[PDB]
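Peer 1: Provided herewith is a single structure, encoded as structure tokens, for subsequent inquiry.
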Amino acid sequence: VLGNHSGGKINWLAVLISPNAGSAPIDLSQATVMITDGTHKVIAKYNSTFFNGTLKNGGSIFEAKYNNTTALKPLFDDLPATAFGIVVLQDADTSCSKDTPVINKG
Amino acid sequence: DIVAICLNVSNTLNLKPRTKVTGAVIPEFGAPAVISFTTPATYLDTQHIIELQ
Ligand SMILES: [Ca+2]
């Protein structure tokens, strides 16, 4: 888990995740994440708007853009308070697509 | 003998993921064969032929 910082806080988190050995393919579009800091307990779900596939071929996390139709805009700053976005860092077989992010072995 | 009953369902039944399919082949006499499967959670482009039951 990695975490950008400004001011007095950590403001964005990037949680890198992968399948367990010998697992069947997991469809992240139906996952749910739950996080707590001991004062609040947010639960968040995937918003398909915030996908970046290109980074499978290398680049900078924490400066990834996303595509609202007709434009490119920064991902992390735009992502809503109840949603999580997804950025493909390694995928040999193009299994992740914006409308169906299914992760398989590797 | 073994023989394959071929059905084209493209427009008749809407078999997207996570969908239950139920049925029978009913002979003139004797007990029916029971078809019963739920399509996978994820279809992958590398594997166009799927084993369902
Ligand atoms: Ca893959």
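These protein sequence lines map, in sequence, to chains h and B. Sequential numbering from 67 applies to the first sequence in PDB author numbering. Sequential numbering from 173 applies to the second sequence in PDB author numbering. For every residue, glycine included, the Cβ atom is placed at its ideal position computed from N, Cα and C.
Quick test of your reading: B/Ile177 and B/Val197, contact by CB under 8 Å. State the CB separation rounded to the nearest angstrom.
Peer 2: 7 Å
Peer 1: Round the Cβ separation of h/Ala130 and h/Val153 to the nearest angstrom and send it over; I've been treating them as touching at under 8 Å.
Peer 2: 6 Å
Peer 1: Give me the DSSP bridge partner(s) of h/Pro167.
Peer 2: h/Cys162
Peer 1: Closer than 9 Å, CB to CB, is B/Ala196 near chain h or not?
Peer 2: No, B/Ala196 lies away from the interface with chain h (no Cβ there is under 9 Å from its Cβ).
Peer 1: So which of h/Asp157, h/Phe117, h/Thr135 has the shortest CA-CA distance to h/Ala149?
Peer 2: h/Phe117
Peer 1: Could you give the residue range of the beta strand (DSSP E) that holds h/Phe128?
Peer 2: Careful: h/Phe128 lies outside any beta strand (DSSP E) and carries neither H nor E.
Peer 1: For h/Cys162, collect the residues of the same chain with a Cβ closer than 6 Å to its Cβ; drop the 5 residues on either side in sequence, then sort them by chain order.
Peer 2: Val154
Peer 1: By how many angstroms is the C-alpha of B/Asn180 removed from the C-alpha of h/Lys111?
Peer 2: 37 Å
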